[PDB]
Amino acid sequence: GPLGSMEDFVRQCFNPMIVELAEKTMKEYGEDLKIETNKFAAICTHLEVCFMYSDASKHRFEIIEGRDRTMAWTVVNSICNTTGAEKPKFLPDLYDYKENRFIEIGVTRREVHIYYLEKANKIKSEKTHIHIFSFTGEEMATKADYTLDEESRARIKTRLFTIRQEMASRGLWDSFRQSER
């Protein structure tokens, strides 16, 4: 059956502005989307989940992901100065003004608990909250505190299911799943 290209998929199935931010992130990292195309789709996916997470509660979150690296640190530093929040060592994805903490969002095709543990071990902060989603509906979050309500998280999981299904229909799912390191 037909095996499509992952680039065609990304440009056809993500919002043009998500695609454009992912292009910038990749350029920022010296990565070529034409060759690392599974990664391009992963970056778009993660951006989109960050935006959906923030949009689940308007004005509650400051968005950090998506910004140019220098601007991202400028915003993290302003938030720390304004709120008294402890400065994180790696750029997080959001800041939650209700619970008063930065959030790292992870999206994975691997087992969620192992990926959660890897993420926690990496940032090593007692303060940054981590919330992981997988493509098959599972999630894991710091202290079993899921931040958003069930319907908000369901909307995100359904979007991830839809991306998986559309990939699989084009023959792209197996390589996308297996490429995560």
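Don't overthink the numbering: it's just position in the shown sequence, from 1.
K.L.:
Identify the stretch, either 110-118 or 29-37, whose C-alpha atoms have the larger mean B-factor according to the entry.
P.N.:
Looking at the record's C-alpha B-factors, the answer is 29-37.
K.L.:
Of the two stretches 120-128 and 58-66, which shows the higher Cα B-factor on average in the entry?
P.N.:
Per the PDB entry, the higher value belongs to 120-128.
K.L.:
By its CA B factor, does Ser152 count among the lowest, middle or highest third of the modelled residues in the chain?
P.N.:
Middle third.
K.L.:
Taking the entry's C-alpha B-factors for this chain, is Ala85 in the lowest, middle or highest third?
P.N.:
Highest third.
K.L.:
C-alpha B factor of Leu21, ranked within the chain: lowest, middle or highest third?
P.N.:
Its C-alpha B-factor belongs to the highest third of this chain's values.
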